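Undergrad: Pasting in a structure now, in structure tokens, and then I'll have a few things to ask.
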Amino acid sequence: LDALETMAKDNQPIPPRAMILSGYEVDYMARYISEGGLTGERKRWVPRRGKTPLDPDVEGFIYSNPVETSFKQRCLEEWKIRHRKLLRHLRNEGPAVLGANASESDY
Amino acid sequence: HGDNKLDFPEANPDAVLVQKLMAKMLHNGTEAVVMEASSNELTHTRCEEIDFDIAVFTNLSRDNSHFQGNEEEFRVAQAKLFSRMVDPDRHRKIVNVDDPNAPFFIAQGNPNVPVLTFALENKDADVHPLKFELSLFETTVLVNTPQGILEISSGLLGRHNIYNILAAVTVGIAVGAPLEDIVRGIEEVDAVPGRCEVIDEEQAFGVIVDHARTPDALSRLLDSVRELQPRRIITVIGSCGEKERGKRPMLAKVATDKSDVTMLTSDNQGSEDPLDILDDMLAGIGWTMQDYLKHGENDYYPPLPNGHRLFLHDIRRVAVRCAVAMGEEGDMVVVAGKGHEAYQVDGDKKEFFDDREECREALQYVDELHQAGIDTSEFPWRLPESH
């Protein structure tokens with residue numbers, strides 16, 4: 001969000017390449033006229049399991065030579081993982097002074 | 001004549017070949033011919049010099065609308081068969097009053113030629129099956145022909161097949177043929193080539209194939225199966241030859257909606273790679289094959305939309321072998337997709353391959369299949385002593 005506020009100050013919009021992701025039919029029948037699996041024989045829609053030292057996902061577009069890690073649906077990660085900082089101090093002896101209390105077993 | 005088959009040429013040659021084979025019929029001991037009034041045949045200035053004895057109208061449906069741009073052209077061009085009629089004393093009209101435009105079809109030329117009607121749901125017909133019963137392996141028809149009421153018992157399933165038998169007996173009535181000869185002719189055929197070919201090699205699951213060049217054919221067979229409700233439903237789905245990618249979405253939709261477990265194969269893919277063809281199989285209805293990417297021994301047990309089962313394979317031989325191998329007791333085992341096509345093409349290959357022969361062979365190896373068969377339902381199959 002902090003990044004998005006910074007682009008809105010002077011920059012032009014979020015790049016279209018930065019916007020790519022994998023009731024109603026999620027298998028649409030409507031998109032497949034606009035990416036290649038259509039009347040045009042150039043079926044540019046993504047296949048899968050092509051082997052080779054290439055990328056079968058998109059991971060952005062092609063770049064970032066490592067692999068993309070999976071954020072779980074914008075759910076549990078980096079909030080339970082941030083909390084390790086709170087737990088770091090309590091599991092560490094020297095960084096904590098506290099007071100006298102019950103010797104060194106309160107915290 | 002008899003049982004010899006002169007090699008079937010392309011869909012429709014010119015009238016030179018037609019009249020050559022007609023001379024063969026005339027001077028080879030034959031005294032009649034059953035001619036299919038194809039749209040291309042009547043369109044290409046052919047019926048002008050053909051004397052038609054009996055014109056039959058079995059069923060009507062809307063297809064190939066690109067050629068028949070308007071329903072008026074479809075109803076008039078197809079009515080040229082009835083317009084050729086000129087003598088209402090040696091010629092007869094067999095009409096389907098079950099369809100709505102039966103009088104409309106009749107009125108397009110010489111209505112004096114008499115009208116004999118067949119209809120099952122519409123009992124107001126000259127020939128009507130007063131009693132109709134259809135099962136997976138049994139079929140009973142008490143039909144009140146103009147001669148009288150007759151019992152027809154056969155394993156040739158299909159409600160449209162009952163309509164077809166009704167049309168046949170009506171045609172026999174047109175020439176005044178006896179009911180016994182009509183029954184003899186009906187029972188003279190037990191498996192029409194490559195269409196609705198029931199195979200029963202000591203099994204309780206009905207092997208059946210159809211032409212299946214359009215998704216509506218699979219849809220119709222699925223509705224017939226619904227009318228003939230078996231225990232478990234498996235349908236092996238072929239592919240599409242050229243870049244007609246708009247059919248397989250709705251095809252897989254009706255399959256997965258009406259089949260507890262589905263199956264796919266690689267029947268005709270002469271255009272592209274089989275992997276891409278298998279990818280295209282799901283393109284318009286609601287499920288994405290990206291899960292097929294992330295299997296990892298964890299996605300092998302999915303329950304597609306309606307909790308039904310997923311399906312994937314390419315080797316046709318193993319595909320049909322496992323399809324016949326699924327049949328446990330009294331279930332539905334469709335392995336259709338091409339019909340009478342006695343070969344197999346995968347992009348750039350041509351070899352011998354018959355679906356019916358492999359089906360009967362698999363029914364034979366069912367005896368070996370009885371030695372194992374744990375973990376049957378979805379995936380995987382055929383390998384015991386690994387749990």
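Labels for the structure tokens follow display order: chains A, B, ..., residues from 1 in each chain, ligands from 1.
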Please identify all residues of chain A having at least one atom at most 9 Å from any atom of chain B, considering only C-alpha atoms, and return them as number ranges by chain.

TA: A: 22-32, 37-39, 41, 47-49

Undergrad: Produce a file of the selected residues containing N, CA, C and O atoms, as a PDB file, in the first residue's frame.

TA:
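What follows is the written file out38.pdb:
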```pdb
ATOM      1  N   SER A  22      -3.305 -16.003 -11.963  1.00  0.00           N
ATOM      2  CA  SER A  22      -3.952 -17.217 -12.449  1.00  0.00           C
ATOM      3  C   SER A  22      -5.430 -17.276 -12.085  1.00  0.00           C
ATOM      4  O   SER A  22      -6.294 -17.206 -12.959  1.00  0.00           O
ATOM      5  N   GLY A  23     -20.610 -20.166  -8.571  1.00  0.00           N
ATOM      6  CA  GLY A  23     -21.044 -18.936  -9.207  1.00  0.00           C
ATOM      7  C   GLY A  23     -20.694 -18.867 -10.681  1.00  0.00           C
ATOM      8  O   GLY A  23     -21.087 -19.733 -11.462  1.00  0.00           O
ATOM      9  N   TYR A  24     -19.955 -17.829 -11.063  1.00  0.00           N
ATOM     10  CA  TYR A  24     -19.534 -17.686 -12.447  1.00  0.00           C
ATOM     11  C   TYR A  24     -18.489 -18.740 -12.804  1.00  0.00           C
ATOM     12  O   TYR A  24     -17.782 -19.278 -11.947  1.00  0.00           O
ATOM     13  N   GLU A  25     -18.403 -19.033 -14.099  1.00  0.00           N
ATOM     14  CA  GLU A  25     -17.443 -20.008 -14.603  1.00  0.00           C
ATOM     15  C   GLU A  25     -16.044 -19.404 -14.589  1.00  0.00           C
ATOM     16  O   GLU A  25     -15.726 -18.534 -15.406  1.00  0.00           O
ATOM     17  N   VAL A  26     -15.204 -19.863 -13.655  1.00  0.00           N
ATOM     18  CA  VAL A  26     -13.805 -19.442 -13.638  1.00  0.00           C
ATOM     19  C   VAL A  26     -13.125 -19.834 -14.941  1.00  0.00           C
ATOM     20  O   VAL A  26     -12.225 -19.135 -15.422  1.00  0.00           O
ATOM     21  N   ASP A  27     -13.530 -20.956 -15.522  1.00  0.00           N
ATOM     22  CA  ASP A  27     -13.201 -21.303 -16.901  1.00  0.00           C
ATOM     23  C   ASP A  27     -14.248 -20.619 -17.779  1.00  0.00           C
ATOM     24  O   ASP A  27     -15.347 -21.137 -17.985  1.00  0.00           O
ATOM     25  N   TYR A  28     -13.894 -19.434 -18.290  1.00  0.00           N
ATOM     26  CA  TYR A  28     -14.866 -18.384 -18.598  1.00  0.00           C
ATOM     27  C   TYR A  28     -15.687 -18.631 -19.859  1.00  0.00           C
ATOM     28  O   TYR A  28     -16.901 -18.400 -19.840  1.00  0.00           O
ATOM     29  N   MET A  29     -15.043 -19.060 -20.953  1.00  0.00           N
ATOM     30  CA  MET A  29     -15.592 -19.103 -22.311  1.00  0.00           C
ATOM     31  C   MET A  29     -15.631 -17.703 -22.925  1.00  0.00           C
ATOM     32  O   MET A  29     -15.838 -17.552 -24.133  1.00  0.00           O
ATOM     33  N   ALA A  30     -15.358 -16.674 -22.121  1.00  0.00           N
ATOM     34  CA  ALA A  30     -15.378 -15.314 -22.648  1.00  0.00           C
ATOM     35  C   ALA A  30     -13.971 -14.777 -22.874  1.00  0.00           C
ATOM     36  O   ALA A  30     -13.731 -14.062 -23.853  1.00  0.00           O
ATOM     37  N   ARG A  31     -13.034 -15.110 -21.983  1.00  0.00           N
ATOM     38  CA  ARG A  31     -11.654 -14.670 -22.153  1.00  0.00           C
ATOM     39  C   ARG A  31     -10.988 -15.350 -23.343  1.00  0.00           C
ATOM     40  O   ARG A  31     -10.182 -14.725 -24.043  1.00  0.00           O
ATOM     41  N   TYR A  32     -11.335 -16.610 -23.610  1.00  0.00           N
ATOM     42  CA  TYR A  32     -10.691 -17.417 -24.644  1.00  0.00           C
ATOM     43  C   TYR A  32     -10.935 -16.921 -26.065  1.00  0.00           C
ATOM     44  O   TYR A  32     -10.559 -17.624 -27.007  1.00  0.00           O
ATOM     45  N   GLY A  37      -6.533 -18.817 -27.779  1.00  0.00           N
ATOM     46  CA  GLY A  37      -7.346 -20.005 -27.953  1.00  0.00           C
ATOM     47  C   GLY A  37      -8.681 -19.687 -28.594  1.00  0.00           C
ATOM     48  O   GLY A  37      -9.738 -20.013 -28.047  1.00  0.00           O
ATOM     49  N   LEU A  38      -8.639 -19.071 -29.770  1.00  0.00           N
ATOM     50  CA  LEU A  38      -9.819 -18.480 -30.391  1.00  0.00           C
ATOM     51  C   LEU A  38      -9.772 -18.785 -31.883  1.00  0.00           C
ATOM     52  O   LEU A  38      -9.065 -19.693 -32.333  1.00  0.00           O
ATOM     53  N   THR A  39     -10.554 -18.028 -32.660  1.00  0.00           N
ATOM     54  CA  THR A  39     -10.563 -18.195 -34.109  1.00  0.00           C
ATOM     55  C   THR A  39      -9.166 -18.059 -34.700  1.00  0.00           C
ATOM     56  O   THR A  39      -8.850 -18.713 -35.701  1.00  0.00           O
ATOM     57  N   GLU A  41      -5.524 -19.056 -35.054  1.00  0.00           N
ATOM     58  CA  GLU A  41      -4.852 -20.321 -34.784  1.00  0.00           C
ATOM     59  C   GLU A  41      -3.651 -20.172 -33.860  1.00  0.00           C
ATOM     60  O   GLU A  41      -3.179 -21.181 -33.324  1.00  0.00           O
ATOM     61  N   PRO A  47       0.285 -23.296 -22.136  1.00  0.00           N
ATOM     62  CA  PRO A  47       0.277 -24.738 -21.866  1.00  0.00           C
ATOM     63  C   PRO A  47       0.922 -25.023 -20.520  1.00  0.00           C
ATOM     64  O   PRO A  47       1.273 -24.086 -19.796  1.00  0.00           O
ATOM     65  N   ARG A  48       1.089 -26.294 -20.169  1.00  0.00           N
ATOM     66  CA  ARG A  48       1.728 -26.651 -18.912  1.00  0.00           C
ATOM     67  C   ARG A  48       2.648 -27.845 -19.114  1.00  0.00           C
ATOM     68  O   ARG A  48       2.454 -28.654 -20.026  1.00  0.00           O
ATOM     69  N   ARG A  49       3.660 -27.937 -18.248  1.00  0.00           N
ATOM     70  CA  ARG A  49       4.613 -29.047 -18.208  1.00  0.00           C
ATOM     71  C   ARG A  49       5.346 -29.189 -19.547  1.00  0.00           C
ATOM     72  O   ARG A  49       5.218 -30.181 -20.267  1.00  0.00           O
TER      73      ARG A  49
END
```

Undergrad: Could you give me, as an MDAnalysis selection string, the residues within 12 Å of residue 304 in chain B, counting only C-alpha atoms and dropping anything in the same chain fewer than 3 positions from it?

TA: chainID B and resid 252:253 255:257 259:262 282 285:289 291:292 299:301 307:311 378

Undergrad: For N, CA, C and O atoms, I'd like the residues from the last selection saved as a JSON list (two decimals), in the first residue's frame.

TA:
```
[["chain", "number", "residue", "atom", "x", "y", "z"],
["B", 252, "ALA", "N", -17.46, -31.34, -22.32],
["B", 252, "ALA", "CA", -17.04, -31.72, -20.98],
["B", 252, "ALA", "C", -18.06, -31.29, -19.93],
["B", 252, "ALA", "O", -18.21, -31.96, -18.91],
["B", 253, "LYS", "N", -18.77, -30.18, -20.18],
["B", 253, "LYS", "CA", -19.80, -29.75, -19.24],
["B", 253, "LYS", "C", -20.90, -30.79, -19.11],
["B", 253, "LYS", "O", -21.23, -31.24, -18.01],
["B", 255, "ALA", "N", -20.83, -33.89, -20.07],
["B", 255, "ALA", "CA", -20.25, -35.14, -19.58],
["B", 255, "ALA", "C", -20.13, -35.13, -18.06],
["B", 255, "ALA", "O", -20.71, -35.98, -17.37],
["B", 256, "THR", "N", -19.39, -34.16, -17.51],
["B", 256, "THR", "CA", -19.17, -34.11, -16.07],
["B", 256, "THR", "C", -20.46, -33.87, -15.30],
["B", 256, "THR", "O", -20.56, -34.28, -14.13],
["B", 257, "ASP", "N", -21.45, -33.22, -15.91],
["B", 257, "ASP", "CA", -22.72, -33.01, -15.22],
["B", 257, "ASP", "C", -23.57, -34.27, -15.20],
["B", 257, "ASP", "O", -24.36, -34.46, -14.28],
["B", 259, "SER", "N", -22.19, -37.56, -15.76],
["B", 259, "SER", "CA", -21.38, -38.75, -15.51],
["B", 259, "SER", "C", -20.70, -38.63, -14.15],
["B", 259, "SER", "O", -20.07, -37.62, -13.86],
["B", 260, "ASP", "N", -20.84, -39.68, -13.33],
["B", 260, "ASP", "CA", -20.18, -39.69, -12.03],
["B", 260, "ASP", "C", -18.67, -39.64, -12.18],
["B", 260, "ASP", "O", -17.98, -38.91, -11.45],
["B", 261, "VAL", "N", -18.12, -40.40, -13.13],
["B", 261, "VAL", "CA", -16.70, -40.38, -13.44],
["B", 261, "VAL", "C", -16.55, -40.21, -14.95],
["B", 261, "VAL", "O", -17.22, -40.90, -15.72],
["B", 262, "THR", "N", -15.71, -39.27, -15.36],
["B", 262, "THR", "CA", -15.47, -39.00, -16.77],
["B", 262, "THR", "C", -14.11, -39.58, -17.16],
["B", 262, "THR", "O", -13.31, -39.96, -16.31],
["B", 282, "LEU", "N", -10.86, -28.33, -21.61],
["B", 282, "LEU", "CA", -11.63, -27.59, -20.62],
["B", 282, "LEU", "C", -11.39, -26.10, -20.85],
["B", 282, "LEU", "O", -10.38, -25.55, -20.39],
["B", 285, "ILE", "N", -16.39, -23.58, -19.17],
["B", 285, "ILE", "CA", -17.51, -23.95, -18.31],
["B", 285, "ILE", "C", -17.27, -23.74, -16.82],
["B", 285, "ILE", "O", -18.25, -23.63, -16.06],
["B", 286, "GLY", "N", -16.04, -23.66, -16.32],
["B", 286, "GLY", "CA", -15.88, -23.37, -14.91],
["B", 286, "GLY", "C", -14.72, -23.98, -14.13],
["B", 286, "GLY", "O", -14.52, -23.60, -12.97],
["B", 287, "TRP", "N", -13.96, -24.90, -14.71],
["B", 287, "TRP", "CA", -12.80, -25.47, -14.02],
["B", 287, "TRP", "C", -11.53, -25.22, -14.82],
["B", 287, "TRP", "O", -11.54, -25.29, -16.05],
["B", 288, "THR", "N", -10.44, -24.94, -14.11],
["B", 288, "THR", "CA", -9.17, -24.58, -14.73],
["B", 288, "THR", "C", -8.15, -25.70, -14.54],
["B", 288, "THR", "O", -8.01, -26.24, -13.43],
["B", 289, "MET", "N", -7.42, -26.04, -15.61],
["B", 289, "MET", "CA", -6.43, -27.10, -15.57],
["B", 289, "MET", "C", -5.12, -26.71, -14.91],
["B", 289, "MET", "O", -4.17, -27.50, -14.96],
["B", 291, "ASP", "N", -4.62, -26.70, -11.87],
["B", 291, "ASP", "CA", -4.47, -27.73, -10.85],
["B", 291, "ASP", "C", -3.74, -28.95, -11.42],
["B", 291, "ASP", "O", -2.93, -29.57, -10.73],
["B", 292, "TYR", "N", -4.02, -29.30, -12.68],
["B", 292, "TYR", "CA", -3.29, -30.37, -13.34],
["B", 292, "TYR", "C", -1.79, -30.09, -13.38],
["B", 292, "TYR", "O", -0.99, -31.03, -13.44],
["B", 299, "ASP", "N", -3.16, -33.83, -5.83],
["B", 299, "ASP", "CA", -4.34, -33.48, -6.60],
["B", 299, "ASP", "C", -4.96, -34.67, -7.33],
["B", 299, "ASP", "O", -5.89, -34.49, -8.12],
["B", 300, "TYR", "N", -4.46, -35.88, -7.07],
["B", 300, "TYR", "CA", -4.99, -37.07, -7.75],
["B", 300, "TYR", "C", -6.39, -37.46, -7.31],
["B", 300, "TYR", "O", -7.01, -38.30, -7.97],
["B", 301, "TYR", "N", -6.88, -36.84, -6.26],
["B", 301, "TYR", "CA", -8.14, -37.24, -5.70],
["B", 301, "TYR", "C", -9.15, -36.11, -5.69],
["B", 301, "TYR", "O", -9.90, -35.95, -4.73],
["B", 307, "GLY", "N", -18.61, -32.65, -7.44],
["B", 307, "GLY", "CA", -18.04, -33.75, -6.69],
["B", 307, "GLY", "C", -17.64, -34.94, -7.55],
["B", 307, "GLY", "O", -17.05, -35.89, -7.04],
["B", 308, "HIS", "N", -17.97, -34.90, -8.83],
["B", 308, "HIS", "CA", -17.57, -35.95, -9.76],
["B", 308, "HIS", "C", -16.05, -36.04, -9.79],
["B", 308, "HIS", "O", -15.35, -35.40, -9.01],
["B", 309, "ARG", "N", -15.51, -36.85, -10.70],
["B", 309, "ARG", "CA", -14.10, -37.19, -10.71],
["B", 309, "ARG", "C", -13.40, -36.60, -11.93],
["B", 309, "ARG", "O", -13.98, -36.49, -13.01],
["B", 310, "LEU", "N", -12.13, -36.24, -11.73],
["B", 310, "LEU", "CA", -11.30, -35.73, -12.82],
["B", 310, "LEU", "C", -10.82, -36.89, -13.69],
["B", 310, "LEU", "O", -11.07, -38.07, -13.41],
["B", 311, "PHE", "N", -10.12, -36.55, -14.77],
["B", 311, "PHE", "CA", -9.77, -37.54, -15.78],
["B", 311, "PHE", "C", -8.69, -36.98, -16.69],
["B", 311, "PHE", "O", -8.78, -35.83, -17.13],
["B", 378, "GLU", "N", -11.44, -43.62, -8.40],
["B", 378, "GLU", "CA", -11.00, -42.53, -9.26],
["B", 378, "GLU", "C", -9.64, -42.77, -9.91],
["B", 378, "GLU", "O", -9.55, -42.90, -11.13]]
```

Undergrad: Write out as a list in words each polymer residue whose atoms come within 12 Å of range 87-94 of chain A, counting only C-alpha atoms; drop sequence neighbours fewer than 5 positions from it.

TA: residues 80, 81, 82, 103, 104, 105, 106 and 107 of chain A

Undergrad: Next, write the just-selected residues to a file, as a tab-separated table (two decimals), in the first residue's frame, keeping N, CA, C and O atoms as the atom set.

TA:
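Okay, this is what ended up in part06.tsv:
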```tsv
chain	number	residue	atom	x	y	z
A	80	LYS	N	2.10	-13.87	11.80
A	80	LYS	CA	2.66	-14.84	12.73
A	80	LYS	C	4.18	-14.88	12.64
A	80	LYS	O	4.85	-15.25	13.60
A	81	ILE	N	4.74	-14.49	11.49
A	81	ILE	CA	6.19	-14.48	11.32
A	81	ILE	C	6.79	-13.22	11.92
A	81	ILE	O	7.89	-13.25	12.49
A	82	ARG	N	6.09	-12.08	11.82
A	82	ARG	CA	6.53	-10.89	12.54
A	82	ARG	C	6.59	-11.16	14.03
A	82	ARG	O	7.51	-10.68	14.71
A	103	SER	N	13.81	-13.61	39.96
A	103	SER	CA	15.14	-13.95	39.43
A	103	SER	C	15.09	-13.79	37.91
A	103	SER	O	14.90	-12.66	37.43
A	104	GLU	N	15.26	-14.85	37.13
A	104	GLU	CA	15.27	-14.78	35.67
A	104	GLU	C	14.30	-15.80	35.08
A	104	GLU	O	14.63	-16.54	34.15
A	105	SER	N	13.09	-15.86	35.63
A	105	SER	CA	12.08	-16.79	35.16
A	105	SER	C	10.71	-16.16	34.94
A	105	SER	O	9.78	-16.87	34.54
A	106	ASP	N	10.56	-14.86	35.18
A	106	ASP	CA	9.28	-14.19	34.96
A	106	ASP	C	8.95	-14.15	33.47
A	106	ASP	O	7.93	-14.69	33.03
A	107	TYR	N	9.81	-13.51	32.69
A	107	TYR	CA	9.63	-13.36	31.26
A	107	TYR	C	9.84	-14.67	30.49
A	107	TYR	O	9.29	-14.83	29.39
```

Undergrad: What's the 9 Å shell around range 53-65 of chain A, counting only C-alpha atoms, without same-chain residues fewer than 6 positions away, as a list in words?

TA: residues 17, 18, 19, 20, 21, 46 and 47 of chain A

Undergrad: With N, CA and C atoms retained, could you export that selection as a PDB file, in the first residue's frame?

TA:
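Below is the file that was written, part_37.pdb:
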```
ATOM      1  N   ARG A  17       1.966  -5.344 -16.985  1.00  0.00           N
ATOM      2  CA  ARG A  17       2.719  -6.562 -16.718  1.00  0.00           C
ATOM      3  C   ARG A  17       2.737  -6.892 -15.230  1.00  0.00           C
ATOM      4  N   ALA A  18       2.636  -5.875 -14.371  1.00  0.00           N
ATOM      5  CA  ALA A  18       2.540  -6.087 -12.933  1.00  0.00           C
ATOM      6  C   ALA A  18       1.182  -6.626 -12.501  1.00  0.00           C
ATOM      7  N   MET A  19       0.203  -6.662 -13.400  1.00  0.00           N
ATOM      8  CA  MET A  19      -1.139  -7.164 -13.111  1.00  0.00           C
ATOM      9  C   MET A  19      -1.369  -8.420 -13.949  1.00  0.00           C
ATOM     10  N   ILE A  20      -0.932  -9.563 -13.425  1.00  0.00           N
ATOM     11  CA  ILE A  20      -1.157 -10.853 -14.072  1.00  0.00           C
ATOM     12  C   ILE A  20      -1.272 -11.913 -12.986  1.00  0.00           C
ATOM     13  N   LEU A  21      -2.370 -12.669 -13.013  1.00  0.00           N
ATOM     14  CA  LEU A  21      -2.645 -13.677 -11.998  1.00  0.00           C
ATOM     15  C   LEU A  21      -3.353 -14.858 -12.646  1.00  0.00           C
ATOM     16  N   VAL A  46      -1.617 -20.314 -22.236  1.00  0.00           N
ATOM     17  CA  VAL A  46      -0.471 -21.007 -21.635  1.00  0.00           C
ATOM     18  C   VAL A  46      -0.695 -22.517 -21.677  1.00  0.00           C
ATOM     19  N   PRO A  47       0.285 -23.296 -22.136  1.00  0.00           N
ATOM     20  CA  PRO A  47       0.277 -24.738 -21.866  1.00  0.00           C
ATOM     21  C   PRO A  47       0.922 -25.023 -20.520  1.00  0.00           C
TER      22      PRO A  47
END
```

Undergrad: Please compute the CA of residue 108 in chain B-CA of residue 72 in chain B distance, one decimal, in Å.

TA: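 Distance reported for this atom pair: 12.2 Å.
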
Undergrad: When you look at residue 35 in chain A with a cut-off of 8 Å (counting only C-alpha atoms), what residues show up, excluding the ones that are within fewer than 4 positions of it in the same chain? I need them as a ChimeraX atom specification.

TA: /A:31,43-45

Undergrad: Keeping C-alpha atoms for every residue in the selection just given, could you write it to a file as a PDB file, in the first residue's frame?

TA:
```
ATOM      1  CA  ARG A  31     -11.654 -14.670 -22.153  1.00  0.00           C
ATOM      2  CA  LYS A  43      -3.048 -20.379 -29.511  1.00  0.00           C
ATOM      3  CA  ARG A  44      -0.947 -18.219 -27.202  1.00  0.00           C
ATOM      4  CA  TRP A  45      -2.835 -19.393 -24.107  1.00  0.00           C
TER       5      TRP A  45
END
```

Undergrad: What residues in chain A get the DSSP label helix (DSSP H, G or I)? Please answer as a VMD selection string.

TA: chain A and resid 2 to 10 16 to 18 31 to 33 83 to 91

Undergrad: Kindly save the residues from that selection, with N, CA and C atoms included, as a PDB file, in the first residue's frame.

TA:
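For reference, result_39.pdb as written:
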```
ATOM      1  N   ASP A   2       1.932   1.253   0.804  1.00  0.00           N
ATOM      2  CA  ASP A   2       2.858   2.380   0.819  1.00  0.00           C
ATOM      3  C   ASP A   2       3.465   2.604  -0.558  1.00  0.00           C
ATOM      4  N   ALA A   3       3.783   1.520  -1.268  1.00  0.00           N
ATOM      5  CA  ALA A   3       4.273   1.650  -2.635  1.00  0.00           C
ATOM      6  C   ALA A   3       3.216   2.278  -3.536  1.00  0.00           C
ATOM      7  N   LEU A   4       1.965   1.827  -3.411  1.00  0.00           N
ATOM      8  CA  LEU A   4       0.905   2.325  -4.282  1.00  0.00           C
ATOM      9  C   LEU A   4       0.640   3.808  -4.062  1.00  0.00           C
ATOM     10  N   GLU A   5       0.737   4.283  -2.817  1.00  0.00           N
ATOM     11  CA  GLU A   5       0.611   5.718  -2.584  1.00  0.00           C
ATOM     12  C   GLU A   5       1.759   6.494  -3.218  1.00  0.00           C
ATOM     13  N   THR A   6       2.948   5.891  -3.302  1.00  0.00           N
ATOM     14  CA  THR A   6       4.095   6.605  -3.854  1.00  0.00           C
ATOM     15  C   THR A   6       3.992   6.747  -5.370  1.00  0.00           C
ATOM     16  N   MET A   7       3.477   5.726  -6.060  1.00  0.00           N
ATOM     17  CA  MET A   7       3.278   5.858  -7.502  1.00  0.00           C
ATOM     18  C   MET A   7       2.228   6.913  -7.820  1.00  0.00           C
ATOM     19  N   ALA A   8       1.189   7.016  -6.990  1.00  0.00           N
ATOM     20  CA  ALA A   8       0.123   7.977  -7.236  1.00  0.00           C
ATOM     21  C   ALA A   8       0.582   9.421  -7.096  1.00  0.00           C
ATOM     22  N   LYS A   9       1.774   9.661  -6.545  1.00  0.00           N
ATOM     23  CA  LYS A   9       2.253  11.031  -6.395  1.00  0.00           C
ATOM     24  C   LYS A   9       2.668  11.622  -7.737  1.00  0.00           C
ATOM     25  N   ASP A  10       3.557  10.940  -8.460  1.00  0.00           N
ATOM     26  CA  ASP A  10       4.040  11.432  -9.745  1.00  0.00           C
ATOM     27  C   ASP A  10       4.034  10.400 -10.862  1.00  0.00           C
ATOM     28  N   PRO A  16       0.849  -2.801 -16.683  1.00  0.00           N
ATOM     29  CA  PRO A  16      -0.029  -3.946 -16.969  1.00  0.00           C
ATOM     30  C   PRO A  16       0.656  -5.278 -16.740  1.00  0.00           C
ATOM     31  N   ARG A  17       1.966  -5.344 -16.985  1.00  0.00           N
ATOM     32  CA  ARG A  17       2.719  -6.562 -16.718  1.00  0.00           C
ATOM     33  C   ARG A  17       2.737  -6.892 -15.230  1.00  0.00           C
ATOM     34  N   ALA A  18       2.636  -5.875 -14.371  1.00  0.00           N
ATOM     35  CA  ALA A  18       2.540  -6.087 -12.933  1.00  0.00           C
ATOM     36  C   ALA A  18       1.182  -6.626 -12.501  1.00  0.00           C
ATOM     37  N   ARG A  31     -13.034 -15.110 -21.983  1.00  0.00           N
ATOM     38  CA  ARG A  31     -11.654 -14.670 -22.153  1.00  0.00           C
ATOM     39  C   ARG A  31     -10.988 -15.350 -23.343  1.00  0.00           C
ATOM     40  N   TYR A  32     -11.335 -16.610 -23.610  1.00  0.00           N
ATOM     41  CA  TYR A  32     -10.691 -17.417 -24.644  1.00  0.00           C
ATOM     42  C   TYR A  32     -10.935 -16.921 -26.065  1.00  0.00           C
ATOM     43  N   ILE A  33     -11.540 -15.755 -26.254  1.00  0.00           N
ATOM     44  CA  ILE A  33     -11.560 -15.100 -27.554  1.00  0.00           C
ATOM     45  C   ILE A  33     -10.458 -14.037 -27.637  1.00  0.00           C
ATOM     46  N   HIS A  83       5.637 -11.934  14.556  1.00  0.00           N
ATOM     47  CA  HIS A  83       5.527 -12.133  15.997  1.00  0.00           C
ATOM     48  C   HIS A  83       6.774 -12.774  16.585  1.00  0.00           C
ATOM     49  N   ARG A  84       7.612 -13.390  15.748  1.00  0.00           N
ATOM     50  CA  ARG A  84       8.867 -13.951  16.231  1.00  0.00           C
ATOM     51  C   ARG A  84       9.774 -12.876  16.820  1.00  0.00           C
ATOM     52  N   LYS A  85       9.640 -11.626  16.369  1.00  0.00           N
ATOM     53  CA  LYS A  85      10.378 -10.534  16.997  1.00  0.00           C
ATOM     54  C   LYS A  85       9.963 -10.366  18.451  1.00  0.00           C
ATOM     55  N   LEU A  86       8.657 -10.426  18.721  1.00  0.00           N
ATOM     56  CA  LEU A  86       8.182 -10.396  20.099  1.00  0.00           C
ATOM     57  C   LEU A  86       8.687 -11.606  20.874  1.00  0.00           C
ATOM     58  N   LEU A  87       8.663 -12.783  20.245  1.00  0.00           N
ATOM     59  CA  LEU A  87       9.163 -13.989  20.889  1.00  0.00           C
ATOM     60  C   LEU A  87      10.685 -14.036  20.936  1.00  0.00           C
ATOM     61  N   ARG A  88      11.369 -13.290  20.065  1.00  0.00           N
ATOM     62  CA  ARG A  88      12.829 -13.271  20.095  1.00  0.00           C
ATOM     63  C   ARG A  88      13.345 -12.710  21.412  1.00  0.00           C
ATOM     64  N   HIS A  89      12.715 -11.642  21.904  1.00  0.00           N
ATOM     65  CA  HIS A  89      13.182 -10.984  23.118  1.00  0.00           C
ATOM     66  C   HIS A  89      12.981 -11.870  24.342  1.00  0.00           C
ATOM     67  N   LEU A  90      11.852 -12.576  24.401  1.00  0.00           N
ATOM     68  CA  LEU A  90      11.548 -13.411  25.556  1.00  0.00           C
ATOM     69  C   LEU A  90      12.404 -14.676  25.571  1.00  0.00           C
ATOM     70  N   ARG A  91      12.704 -15.243  24.393  1.00  0.00           N
ATOM     71  CA  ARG A  91      13.579 -16.411  24.351  1.00  0.00           C
ATOM     72  C   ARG A  91      15.052 -16.057  24.527  1.00  0.00           C
TER      73      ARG A  91
END
```

Undergrad: Record the distance separating CA of residue 19 in chain B and CA of residue 43 in chain B, expressed in Å with one decimal.

TA: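 Result for CA of residue 19 in chain B versus CA of residue 43 in chain B: 17.2 Å, one decimal.
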